[PDB]
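These notes are about the structure you will find just below.
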Amino acid sequence: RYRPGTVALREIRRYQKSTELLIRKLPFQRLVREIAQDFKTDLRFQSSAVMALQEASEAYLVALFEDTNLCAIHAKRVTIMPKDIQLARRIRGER
Amino acid sequence: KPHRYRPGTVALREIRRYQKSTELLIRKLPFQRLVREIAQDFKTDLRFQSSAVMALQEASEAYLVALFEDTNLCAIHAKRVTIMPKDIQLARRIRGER
Amino acid sequence: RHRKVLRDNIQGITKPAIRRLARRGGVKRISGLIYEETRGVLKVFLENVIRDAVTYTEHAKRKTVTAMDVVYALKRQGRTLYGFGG
Amino acid sequence: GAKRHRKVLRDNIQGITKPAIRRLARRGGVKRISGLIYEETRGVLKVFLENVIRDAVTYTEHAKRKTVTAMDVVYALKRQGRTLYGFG
Amino acid sequence: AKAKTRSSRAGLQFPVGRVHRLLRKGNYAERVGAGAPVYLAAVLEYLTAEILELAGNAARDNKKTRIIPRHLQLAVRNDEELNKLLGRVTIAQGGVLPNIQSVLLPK
Amino acid sequence: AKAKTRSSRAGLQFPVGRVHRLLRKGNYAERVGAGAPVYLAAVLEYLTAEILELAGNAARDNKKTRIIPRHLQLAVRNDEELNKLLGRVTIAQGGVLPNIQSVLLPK
Amino acid sequence: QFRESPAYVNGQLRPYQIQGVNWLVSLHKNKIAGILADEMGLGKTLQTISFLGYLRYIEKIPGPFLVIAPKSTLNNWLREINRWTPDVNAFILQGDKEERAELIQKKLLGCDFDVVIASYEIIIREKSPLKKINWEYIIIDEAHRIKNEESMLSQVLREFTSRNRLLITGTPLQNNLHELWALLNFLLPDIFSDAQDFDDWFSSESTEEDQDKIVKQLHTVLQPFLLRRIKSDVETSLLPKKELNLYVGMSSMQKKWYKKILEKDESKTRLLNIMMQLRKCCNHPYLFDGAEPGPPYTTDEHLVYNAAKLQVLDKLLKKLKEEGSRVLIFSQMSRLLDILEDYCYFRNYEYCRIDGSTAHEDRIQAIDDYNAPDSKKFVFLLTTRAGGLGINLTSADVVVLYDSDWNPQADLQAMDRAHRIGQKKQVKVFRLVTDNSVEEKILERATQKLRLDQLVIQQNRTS
Amino acid sequence: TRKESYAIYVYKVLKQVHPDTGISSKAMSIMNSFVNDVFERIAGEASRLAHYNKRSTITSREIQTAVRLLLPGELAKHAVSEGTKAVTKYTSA
Amino acid sequence: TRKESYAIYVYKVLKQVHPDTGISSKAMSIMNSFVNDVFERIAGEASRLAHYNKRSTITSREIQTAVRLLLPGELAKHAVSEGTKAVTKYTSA
DNA sequence: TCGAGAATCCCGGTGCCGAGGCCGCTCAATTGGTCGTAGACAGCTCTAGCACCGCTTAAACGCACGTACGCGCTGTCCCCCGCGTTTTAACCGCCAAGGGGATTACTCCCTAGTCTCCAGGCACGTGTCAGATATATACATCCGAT
DNA sequence: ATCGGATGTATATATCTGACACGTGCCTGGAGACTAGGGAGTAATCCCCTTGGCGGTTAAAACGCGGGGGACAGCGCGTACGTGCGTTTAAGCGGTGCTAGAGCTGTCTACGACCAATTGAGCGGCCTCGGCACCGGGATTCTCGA
Ligand SMILES: Nc1ncnc2c1ncn2[C@@H]1O[C@H](COP(=O)(O)OP(=O)(O)O)[C@@H](O)[C@H]1O
Ligand code: BEF
Ligand SMILES: [Mg+2]
């Protein structure tokens, strides 16, 4: 087998190496159409607009998790927990 | 039979007193010497007005008060009630200013 | 013609997808209570960007939200996105 | 007598004295301070005043003047995001 | 005839002529349409009416009948909408809200 | 008379007439001095030359010949001064710097 | 009047002061104020004090009687009140914020006093419990602080209420003739009370044709309204004075500093004033904070090497030790005394310094120990605005004005300080002027401001 | 050379809102800088709105879109209702 | 409809710097948006520089001050030196 | 458990000093003719988006197991706060000076604008070649018995 | 703490595959040459505003000694998450076909730019007074021993 704490670092190297998109296309696109149909009904999306929203959302969540990891290593742990994210958005000025 | 307060009451009463009022917590002339010192490295022999030195003082108090609020949030997060240098270094790392 | 809203699609940001987005960001070990919070954060961000994009699109009389509208919403909020135009 | 030689330049960032930093931290919310905040606070304050005075000196060297007015510090703070109301 | 100001036509309290001149001579656009200065004077009136109503009430609850910048700092940082608008903005001679976290109160 | 383009008088690679059109037909000011677009085109050339030089080295470090935005992401983010300039920019098809924290390494 | 030398005072009078008293007994008799502006040295205090008991023993109002003097000269008043008229109570309103409430509330306000002796700068901070009493006189002394039109002290002294205001001062006008009406406005508001109607009231003293009739239409209103007497008329010291100039040359070290002020080449200081930094460098070099070499502290006999005047000063001083004399050293900058204090502590010399902000009770003890017979402190370091305004130094003769001030009569206020009644030696004044430097043109400027008053007005004041 | 501000206009709006409560001069300077700030933000957003659509002219319609893009949440409804009512009241005369 | 980009200009600079390097299409779009972004930053700072001093004309001098304000660190000295060399060579011809 | 005692909230009197209100200019905001062209409206090509079908397979879901770590407790230890005397240096008010900001007028010359040639840039086919990608082999690297 | 070994990626190589660099046409913005003129440089005048330092208050920084309370290292211990196995279902792919809307254009027309005469709202400068800042003396309450 492997010790608990090995496949984590192998996946970190595999994912900080490559450049693909990490959310499936059609669930994210149906999420976008759901949130869009409360502001104007019957909208249409160019495919590059859905790609742009997916790229902006992935960049937002990845930077958020870097800063949450910094807070959790500050609090003498190795594990993120929801008060770390709520701290990391209280400091940044987005709450 | 003296009369000493505890180690946690004079700080609280100062907190309410200083959140209630709006003076300048930094003195004038040490800050004016500071600003003239830092200005005579970039262009030599400038003259200031007085209200511009007031402006630099007001912005410096705003930035330091916001900095100590965010440091105190990280400190109460870390199961302490004290601030420390690692907390200020963290709360400047998080904002994107380093 | 027709229109429907289906399945309460915030459950499309699934558990291995959030774990891949955390393994990229440097996190080793994830709790089990993050997942509702991550879904809530992502929903707030998409409401803001799509609110501004639909504002621009209803202004310029179109309906097809082109990529320039989303890029200008992101430029408005303070996150530039190179790579798509303008 | 040896009294004249101690007037020296003092590294004037020590003008921001210890009770001044404690009054800022008492207003801000901190109940109890450590004893190594002080070097770090003077470091942070010197970084912030370097950046704002650098933009003020550039705006003043532009219009050929030699008098850094208050409008230049208001424009230098507006430059960086931290807007300042009350001066013009 | 005799002059009749456009501020009096629109029923406003802001100098619509001055807004029209600052929109031509700022180079914000090549040609300013006539509908825009009236609209912009109205929006500026409404924002000033909001901040002055809130400032007046927060000043009057402290038994002082002139508005000083402390009252503006209270009347902005209390309400969530104007807090969301005035995010970065520092107000001089302003002071910080009463804001103490919960664990520093004594046992 | 014939022609002698300003991109050959200044000795540049980026154009001049297009930047002069985008200063006088974009309403950045009323009158545009004739010296300004040469200076502006030279500065845009300098920044483009820096990022393409660093990107060429970072692409040669993985032994390919065509620069792709993974390489621009690494070439912008490793150098500190360009990282100060572009601190907010999200580059599509981005990639991240490989950074592992200090305590997560095994004991 | 008064040909009997009235000895209700417990002391003497003088055959010219008796004539001075008759000018004082007539002004209250005619209900107008005055300016007792005699040339300094002839005892305006005794003419003031004998005026007081005249109104106590003849007109018989005990009165509250406010006087105001500068900080150093306060101890000189309460001696000579009690040396001459010991039947009059008095104060020396001093102390902390504590020690004035017992004086005012408990010991002044219950009518338990005669005469208050306050200072210039306590009369601002305690004006609110001092407006209640109607006074008899506000006997301001050394009245040159009232030369501004909207200063703080001139603004408070139009709210006090009294009968008269003896503005008993030392000198007339200093720079303009915008000055002397502001002295005359706060005397008596019934004469002018008008600013714009004074400037051309006499045609402004010769900004048109230099007529010498312009000064005549002045002096038919204020020659019998002011008193001023010639020195050699009275034989004040039984001896004249001799001003001497001693041109010195600059050292090369301060010349390297000098061309870093004009051409502007320890270094990189605030050189934002030109006329004030050059007043430092052509007096003593070490004022630029770092010209002292070597260890963090250490003297060395070299101190007279770098400085251009210390070889000139100490050779002049070691002349004077061989003659058996005592000197008075003045200055304008306070920090230059810090070098001379360490100087005579290095080359074995005893001293007393009266700087600004020594203390109050410390200025008292130094003066008595310096005026004692067989008290052998050789030098006595002073400053201009703190010390040279009315202390009594009859037990020293020779003066070395180390620098010239922009006011020509500031040093003239201070030259004649020791040179008063009681000085029996030969007063020798020495001025140290740095040749081919900046300080001559501040001496050339000072000559013209003095020749306007000493040669035009004094020839028309004796007339 | 005159410094011109919006002092009397803020003062008239204060007299219409409250009956008596006067204002102090430092707060007048703050309200001056605030109104100049909001004017620069709204003019900038309507400016490059009219630039993105390859137009050349600020209408009322671009000001309405810029008010929906700067004022957050529920100042937007009241501001756009006030704008429409003031322009329509202006239209008849 | 033709569109104004900057593919061929970046491509010339690339063939100067590294003589045997190709460049893919998304990288060309990124360099297009990069040059447009830096253009809009410098023109914006120069525009409100020349409006703050109550003047009315963007010279080269406000461009130099805009570059000394925006570009950080050791990019300012190289950028100002490149610009002064270009304009000084331009005046002689 | 239930007292004594300092910090803080009110209260009436003062006195003070910055706001409210007029006076007298003055430049810019209304009105009224005139053009000149950006913009709306009807009208078409044409193309990219939506809906939908089946087919393959790799990724999500759920479950069971083992254990590394989160958390409470608990004793130690050193250190930061409170208190009270000291020295000292900031603060407000002189006191001179002059460099420098702000007008004001005069002239000078660099840019806007015009029409007229004319080639650099953009779009559209086409050769061609760096790279995706599967197969086989090989090198590093965690993990366990002695 | 160290070899056997078991399993991860890494890489050399071979075959297609689109994506890129390059060849040719079309033409619309860019150079250019003369003109018309209003903004901006430049010299002179002048006059408010800054600067350095000193003088006398007096509130605040500094030092030292003592003391209780928070930081923190270790110890136990209970649980929540990583790792693995199998099953399923939904994403991806490819391909078809329909069609709603977007982009370009041709042609009027009402809408703002420009100028020219004019007069009043707005702004600098000067009185005058109500809000208020002390200002010290009283009353209420919270803190800390018992
Ligand atoms: N009648 C007198 N007898 C003795 N000494 C006198 C007499 N009158 C004046 N003095 C001397 O005058 C000096 C004080 O004079 P002062 O008032 O300082 O003169 P001024 O007012 O000109 O400075 C004292 O030293 C005192 O000895
Ligand atoms: F003022 Be006297 F000369 F003591
Ligand atoms: Mg005297």
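Residues in the structure tokens are named by chain (A, B, ... in the order shown) and by number from 1 within that chain; ligands are numbered from 1 in the order shown.
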Mind fitting chain H onto chain I over all Cα atoms in sequence order and sending the result as a short mmCIF file (atom, residue, chain, number, x, y, z; two decimals) with N, CA and C atoms, in the first residue's frame?
data_model
loop_
_atom_site.label_atom_id
_atom_site.label_comp_id
_atom_site.auth_asym_id
_atom_site.auth_seq_id
_atom_site.Cartn_x
_atom_site.Cartn_y
_atom_site.Cartn_z
N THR H 1 -15.28 45.02 -42.41
CA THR H 1 -14.91 45.06 -41.00
C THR H 1 -13.73 44.14 -40.74
N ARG H 2 -12.66 44.73 -40.24
CA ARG H 2 -11.42 44.02 -39.95
C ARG H 2 -11.10 44.12 -38.47
N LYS H 3 -10.79 42.98 -37.86
CA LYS H 3 -10.10 43.00 -36.59
C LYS H 3 -8.63 43.28 -36.86
N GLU H 4 -8.09 44.31 -36.24
CA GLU H 4 -6.67 44.58 -36.37
C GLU H 4 -5.98 44.42 -35.03
N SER H 5 -4.83 43.78 -35.06
CA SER H 5 -4.10 43.43 -33.86
C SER H 5 -2.67 43.90 -34.00
N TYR H 6 -1.79 43.48 -33.10
CA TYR H 6 -0.37 43.79 -33.21
C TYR H 6 0.42 42.51 -33.41
N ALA H 7 -0.07 41.62 -34.27
CA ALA H 7 0.50 40.29 -34.37
C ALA H 7 1.87 40.30 -35.04
N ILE H 8 1.97 40.93 -36.21
CA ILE H 8 3.23 40.92 -36.94
C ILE H 8 4.30 41.74 -36.23
N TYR H 9 3.91 42.66 -35.36
CA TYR H 9 4.87 43.52 -34.70
C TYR H 9 5.54 42.80 -33.54
N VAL H 10 4.73 42.07 -32.77
CA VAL H 10 5.26 41.14 -31.79
C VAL H 10 6.12 40.08 -32.47
N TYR H 11 5.73 39.67 -33.67
CA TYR H 11 6.51 38.65 -34.36
C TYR H 11 7.86 39.19 -34.84
N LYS H 12 7.90 40.45 -35.28
CA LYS H 12 9.18 41.05 -35.66
C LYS H 12 10.08 41.24 -34.45
N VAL H 13 9.51 41.63 -33.31
CA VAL H 13 10.34 41.78 -32.11
C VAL H 13 10.85 40.43 -31.64
N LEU H 14 10.07 39.37 -31.83
CA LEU H 14 10.55 38.04 -31.51
C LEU H 14 11.67 37.60 -32.45
N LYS H 15 11.60 37.99 -33.73
CA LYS H 15 12.71 37.64 -34.60
C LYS H 15 13.96 38.45 -34.31
N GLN H 16 13.82 39.68 -33.81
CA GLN H 16 15.02 40.41 -33.43
C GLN H 16 15.63 39.88 -32.14
N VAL H 17 14.81 39.41 -31.20
CA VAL H 17 15.35 38.94 -29.92
C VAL H 17 15.95 37.55 -30.07
N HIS H 18 15.15 36.57 -30.48
CA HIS H 18 15.58 35.21 -30.69
C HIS H 18 15.73 34.91 -32.18
N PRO H 19 16.61 33.99 -32.55
CA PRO H 19 16.80 33.72 -33.98
C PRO H 19 15.74 32.84 -34.61
N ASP H 20 15.22 31.84 -33.89
CA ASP H 20 14.37 30.83 -34.51
C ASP H 20 13.09 30.52 -33.77
N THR H 21 13.02 30.79 -32.47
CA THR H 21 11.98 30.21 -31.63
C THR H 21 10.64 30.87 -31.93
N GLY H 22 9.82 30.21 -32.73
CA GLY H 22 8.54 30.76 -33.13
C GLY H 22 7.55 30.76 -31.99
N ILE H 23 6.40 31.37 -32.26
CA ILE H 23 5.40 31.63 -31.23
C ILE H 23 4.10 30.97 -31.66
N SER H 24 3.25 30.64 -30.69
CA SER H 24 1.96 30.03 -30.98
C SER H 24 0.85 31.05 -30.81
N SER H 25 -0.29 30.78 -31.46
CA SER H 25 -1.29 31.82 -31.70
C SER H 25 -2.00 32.25 -30.42
N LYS H 26 -2.15 31.35 -29.46
CA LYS H 26 -2.75 31.73 -28.18
C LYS H 26 -1.85 32.72 -27.43
N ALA H 27 -0.54 32.51 -27.49
CA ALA H 27 0.36 33.48 -26.88
C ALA H 27 0.37 34.78 -27.64
N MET H 28 0.10 34.74 -28.94
CA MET H 28 -0.04 35.97 -29.70
C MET H 28 -1.25 36.77 -29.24
N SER H 29 -2.35 36.08 -28.94
CA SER H 29 -3.51 36.77 -28.40
C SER H 29 -3.24 37.34 -27.01
N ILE H 30 -2.45 36.64 -26.20
CA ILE H 30 -2.10 37.18 -24.89
C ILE H 30 -1.24 38.42 -25.02
N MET H 31 -0.25 38.40 -25.92
CA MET H 31 0.61 39.57 -26.08
C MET H 31 -0.15 40.74 -26.68
N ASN H 32 -1.14 40.47 -27.52
CA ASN H 32 -2.03 41.51 -28.00
C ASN H 32 -2.77 42.18 -26.86
N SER H 33 -3.41 41.39 -25.99
CA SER H 33 -4.16 42.00 -24.89
C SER H 33 -3.25 42.69 -23.90
N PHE H 34 -2.02 42.20 -23.73
CA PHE H 34 -1.07 42.86 -22.85
C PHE H 34 -0.66 44.22 -23.37
N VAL H 35 -0.40 44.33 -24.67
CA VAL H 35 0.05 45.62 -25.19
C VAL H 35 -1.09 46.62 -25.19
N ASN H 36 -2.32 46.17 -25.46
CA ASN H 36 -3.45 47.09 -25.30
C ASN H 36 -3.64 47.53 -23.85
N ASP H 37 -3.37 46.65 -22.89
CA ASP H 37 -3.51 47.03 -21.48
C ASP H 37 -2.49 48.08 -21.07
N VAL H 38 -1.22 47.86 -21.42
CA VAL H 38 -0.18 48.80 -21.02
C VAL H 38 -0.38 50.14 -21.72
N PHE H 39 -0.88 50.12 -22.96
CA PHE H 39 -1.16 51.37 -23.63
C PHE H 39 -2.29 52.13 -22.98
N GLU H 40 -3.34 51.44 -22.52
CA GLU H 40 -4.43 52.16 -21.86
C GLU H 40 -4.01 52.73 -20.51
N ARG H 41 -3.17 52.00 -19.76
CA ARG H 41 -2.73 52.54 -18.47
C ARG H 41 -1.85 53.77 -18.65
N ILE H 42 -0.90 53.72 -19.58
CA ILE H 42 0.02 54.86 -19.72
C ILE H 42 -0.70 56.05 -20.34
N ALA H 43 -1.62 55.82 -21.27
CA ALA H 43 -2.38 56.93 -21.82
C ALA H 43 -3.28 57.56 -20.77
N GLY H 44 -3.87 56.75 -19.88
CA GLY H 44 -4.72 57.32 -18.84
C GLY H 44 -3.95 58.15 -17.84
N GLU H 45 -2.76 57.68 -17.44
CA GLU H 45 -1.99 58.43 -16.46
C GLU H 45 -1.42 59.72 -17.04
N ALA H 46 -0.92 59.69 -18.28
CA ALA H 46 -0.45 60.94 -18.86
C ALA H 46 -1.59 61.88 -19.17
N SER H 47 -2.78 61.34 -19.44
CA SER H 47 -3.96 62.15 -19.67
C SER H 47 -4.32 62.96 -18.43
N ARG H 48 -4.51 62.29 -17.30
CA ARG H 48 -4.90 63.13 -16.18
C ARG H 48 -3.73 63.79 -15.47
N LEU H 49 -2.49 63.46 -15.81
CA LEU H 49 -1.40 64.37 -15.49
C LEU H 49 -1.54 65.69 -16.22
N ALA H 50 -1.80 65.64 -17.53
CA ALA H 50 -1.96 66.88 -18.26
C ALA H 50 -3.26 67.59 -17.92
N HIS H 51 -4.19 66.89 -17.29
CA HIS H 51 -5.38 67.58 -16.80
C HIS H 51 -5.17 68.23 -15.45
N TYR H 52 -4.35 67.65 -14.57
CA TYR H 52 -4.18 68.24 -13.24
C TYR H 52 -3.43 69.56 -13.28
N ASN H 53 -2.50 69.72 -14.22
CA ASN H 53 -1.70 70.93 -14.31
C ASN H 53 -2.36 72.03 -15.12
N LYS H 54 -3.65 71.87 -15.45
CA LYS H 54 -4.46 72.84 -16.19
C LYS H 54 -3.89 73.13 -17.57
N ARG H 55 -3.17 72.16 -18.13
CA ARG H 55 -2.68 72.21 -19.50
C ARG H 55 -3.74 71.67 -20.44
N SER H 56 -3.35 71.44 -21.67
CA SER H 56 -4.28 70.87 -22.63
C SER H 56 -3.64 69.87 -23.59
N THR H 57 -2.37 69.52 -23.44
CA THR H 57 -1.61 68.89 -24.52
C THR H 57 -0.64 67.87 -23.96
N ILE H 58 -0.72 66.62 -24.43
CA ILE H 58 0.27 65.61 -24.06
C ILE H 58 1.58 65.89 -24.78
N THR H 59 2.64 66.08 -24.02
CA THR H 59 3.97 66.22 -24.59
C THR H 59 4.71 64.91 -24.43
N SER H 60 6.03 64.92 -24.66
CA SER H 60 6.83 63.76 -24.28
C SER H 60 7.01 63.70 -22.78
N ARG H 61 7.03 64.86 -22.14
CA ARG H 61 7.40 64.98 -20.74
C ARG H 61 6.36 64.33 -19.83
N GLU H 62 5.08 64.43 -20.19
CA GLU H 62 4.06 63.72 -19.44
C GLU H 62 4.15 62.22 -19.63
N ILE H 63 4.58 61.76 -20.80
CA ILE H 63 4.75 60.32 -20.97
C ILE H 63 5.90 59.83 -20.11
N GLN H 64 6.94 60.65 -19.96
CA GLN H 64 8.06 60.26 -19.11
C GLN H 64 7.66 60.20 -17.65
N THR H 65 6.82 61.14 -17.20
CA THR H 65 6.34 61.06 -15.83
C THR H 65 5.40 59.88 -15.62
N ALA H 66 4.59 59.54 -16.62
CA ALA H 66 3.70 58.39 -16.45
C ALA H 66 4.45 57.07 -16.46
N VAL H 67 5.55 56.99 -17.21
CA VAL H 67 6.40 55.81 -17.15
C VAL H 67 7.08 55.71 -15.80
N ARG H 68 7.46 56.84 -15.20
CA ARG H 68 7.97 56.74 -13.83
C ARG H 68 6.88 56.45 -12.80
N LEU H 69 5.61 56.62 -13.14
CA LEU H 69 4.56 56.30 -12.18
C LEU H 69 3.89 54.95 -12.38
N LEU H 70 4.14 54.24 -13.47
CA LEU H 70 3.55 52.91 -13.59
C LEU H 70 4.56 51.78 -13.50
N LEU H 71 5.66 51.86 -14.23
CA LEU H 71 6.63 50.78 -14.23
C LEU H 71 7.39 50.78 -12.91
N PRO H 72 7.39 49.68 -12.16
CA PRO H 72 7.88 49.73 -10.78
C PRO H 72 9.36 49.40 -10.69
N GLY H 73 10.07 50.20 -9.91
CA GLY H 73 11.41 49.82 -9.52
C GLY H 73 12.45 50.02 -10.59
N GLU H 74 12.91 48.94 -11.22
CA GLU H 74 14.04 49.00 -12.12
C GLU H 74 13.70 48.67 -13.57
N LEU H 75 12.43 48.63 -13.93
CA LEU H 75 12.11 48.80 -15.33
C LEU H 75 12.11 50.26 -15.72
N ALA H 76 12.05 51.15 -14.73
CA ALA H 76 11.90 52.57 -15.00
C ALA H 76 13.15 53.15 -15.65
N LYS H 77 14.34 52.77 -15.16
CA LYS H 77 15.58 53.32 -15.69
C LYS H 77 15.79 52.91 -17.13
N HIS H 78 15.57 51.63 -17.43
CA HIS H 78 15.76 51.15 -18.78
C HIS H 78 14.71 51.71 -19.73
N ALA H 79 13.46 51.86 -19.26
CA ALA H 79 12.43 52.41 -20.12
C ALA H 79 12.66 53.88 -20.42
N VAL H 80 13.10 54.66 -19.43
CA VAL H 80 13.31 56.08 -19.69
C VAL H 80 14.58 56.31 -20.51
N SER H 81 15.61 55.48 -20.31
CA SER H 81 16.78 55.55 -21.18
C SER H 81 16.44 55.19 -22.62
N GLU H 82 15.61 54.16 -22.83
CA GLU H 82 15.18 53.81 -24.19
C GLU H 82 14.34 54.90 -24.82
N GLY H 83 13.47 55.53 -24.03
CA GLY H 83 12.64 56.59 -24.57
C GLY H 83 13.44 57.80 -25.00
N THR H 84 14.41 58.19 -24.17
CA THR H 84 15.23 59.35 -24.51
C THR H 84 16.10 59.06 -25.72
N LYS H 85 16.64 57.84 -25.81
CA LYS H 85 17.51 57.52 -26.94
C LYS H 85 16.72 57.45 -28.24
N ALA H 86 15.51 56.88 -28.21
CA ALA H 86 14.71 56.80 -29.43
C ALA H 86 14.21 58.17 -29.89
N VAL H 87 13.85 59.05 -28.95
CA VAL H 87 13.38 60.38 -29.36
C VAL H 87 14.53 61.23 -29.88
N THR H 88 15.71 61.14 -29.26
CA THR H 88 16.83 61.93 -29.74
C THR H 88 17.34 61.42 -31.08
N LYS H 89 17.34 60.10 -31.29
CA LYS H 89 17.63 59.54 -32.60
C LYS H 89 16.60 59.96 -33.64
N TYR H 90 15.35 60.12 -33.24
CA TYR H 90 14.31 60.63 -34.13
C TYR H 90 14.45 62.12 -34.43
N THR H 91 15.09 62.88 -33.54
CA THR H 91 15.04 64.34 -33.64
C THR H 91 15.84 64.85 -34.83
N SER H 92 16.99 64.23 -35.12
CA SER H 92 17.88 64.72 -36.17
C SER H 92 17.28 64.56 -37.56
N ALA H 93 16.39 63.60 -37.74
CA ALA H 93 15.76 63.38 -39.04
C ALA H 93 14.28 63.73 -39.01
#
Problem set entry | Those in chain B with helix (DSSP H, G or I) from DSSP, as an MDAnalysis selection string | chainID B and resid 10:20 28:39 50:77 85:93
Keeping only C-alpha atoms, write the selected residues as an mmCIF file, in the first residue's frame.
data_model
loop_
_atom_site.group_PDB
_atom_site.id
_atom_site.type_symbol
_atom_site.label_atom_id
_atom_site.label_comp_id
_atom_site.auth_asym_id
_atom_site.auth_seq_id
_atom_site.Cartn_x
_atom_site.Cartn_y
_atom_site.Cartn_z
ATOM 1 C CA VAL B 10 -7.095 49.352 32.134
ATOM 2 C CA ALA B 11 -6.579 48.109 28.576
ATOM 3 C CA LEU B 12 -10.340 47.691 28.067
ATOM 4 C CA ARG B 13 -11.125 51.136 29.414
ATOM 5 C CA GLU B 14 -8.453 52.605 27.135
ATOM 6 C CA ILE B 15 -10.003 50.723 24.204
ATOM 7 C CA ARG B 16 -13.384 52.363 24.768
ATOM 8 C CA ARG B 17 -11.795 55.788 25.348
ATOM 9 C CA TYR B 18 -9.754 55.676 22.154
ATOM 10 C CA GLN B 19 -12.501 54.253 20.007
ATOM 11 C CA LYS B 20 -14.670 57.138 21.170
ATOM 12 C CA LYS B 28 3.515 66.176 15.124
ATOM 13 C CA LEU B 29 7.218 67.063 15.072
ATOM 14 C CA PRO B 30 8.754 63.544 15.170
ATOM 15 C CA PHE B 31 6.541 62.667 12.248
ATOM 16 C CA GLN B 32 7.538 65.842 10.421
ATOM 17 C CA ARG B 33 11.232 65.034 10.831
ATOM 18 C CA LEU B 34 10.476 61.509 9.588
ATOM 19 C CA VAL B 35 8.749 62.744 6.443
ATOM 20 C CA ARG B 36 11.487 65.267 5.625
ATOM 21 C CA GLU B 37 14.150 62.582 6.140
ATOM 22 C CA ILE B 38 12.481 60.177 3.721
ATOM 23 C CA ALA B 39 11.871 62.971 1.216
ATOM 24 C CA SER B 50 1.943 72.053 6.485
ATOM 25 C CA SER B 51 -1.338 70.506 5.379
ATOM 26 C CA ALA B 52 0.477 67.976 3.168
ATOM 27 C CA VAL B 53 2.350 66.711 6.218
ATOM 28 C CA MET B 54 -1.083 66.509 7.852
ATOM 29 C CA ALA B 55 -2.251 64.419 4.893
ATOM 30 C CA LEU B 56 0.612 61.959 5.238
ATOM 31 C CA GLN B 57 -0.161 61.651 8.939
ATOM 32 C CA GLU B 58 -3.833 60.926 8.306
ATOM 33 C CA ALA B 59 -3.111 58.237 5.731
ATOM 34 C CA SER B 60 -0.501 56.599 7.961
ATOM 35 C CA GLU B 61 -2.941 56.346 10.861
ATOM 36 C CA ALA B 62 -5.577 54.852 8.554
ATOM 37 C CA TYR B 63 -3.208 52.208 7.227
ATOM 38 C CA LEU B 64 -1.840 51.235 10.639
ATOM 39 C CA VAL B 65 -5.266 51.019 12.297
ATOM 40 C CA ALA B 66 -6.547 48.722 9.538
ATOM 41 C CA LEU B 67 -3.346 46.672 9.837
ATOM 42 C CA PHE B 68 -3.801 46.109 13.564
ATOM 43 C CA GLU B 69 -7.461 45.145 13.096
ATOM 44 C CA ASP B 70 -6.476 42.424 10.638
ATOM 45 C CA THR B 71 -3.601 41.302 12.868
ATOM 46 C CA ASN B 72 -6.005 41.012 15.797
ATOM 47 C CA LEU B 73 -8.344 38.874 13.681
ATOM 48 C CA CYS B 74 -5.512 36.469 12.886
ATOM 49 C CA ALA B 75 -4.447 36.445 16.532
ATOM 50 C CA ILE B 76 -7.895 35.583 17.874
ATOM 51 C CA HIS B 77 -7.968 32.925 15.162
ATOM 52 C CA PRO B 85 5.235 39.644 14.576
ATOM 53 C CA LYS B 86 4.230 36.475 12.738
ATOM 54 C CA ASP B 87 0.639 37.727 12.773
ATOM 55 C CA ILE B 88 1.486 41.061 11.127
ATOM 56 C CA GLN B 89 3.636 39.254 8.563
ATOM 57 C CA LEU B 90 0.708 36.919 7.846
ATOM 58 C CA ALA B 91 -1.863 39.697 7.543
ATOM 59 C CA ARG B 92 0.393 41.457 5.075
ATOM 60 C CA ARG B 93 0.979 38.250 3.121
#
Exercise. Within 7 Å of chain H, which residues of chain D show up when using only C-alpha atoms, listed as a ChimeraX atom specification?
Worked result: /D:85-86,88
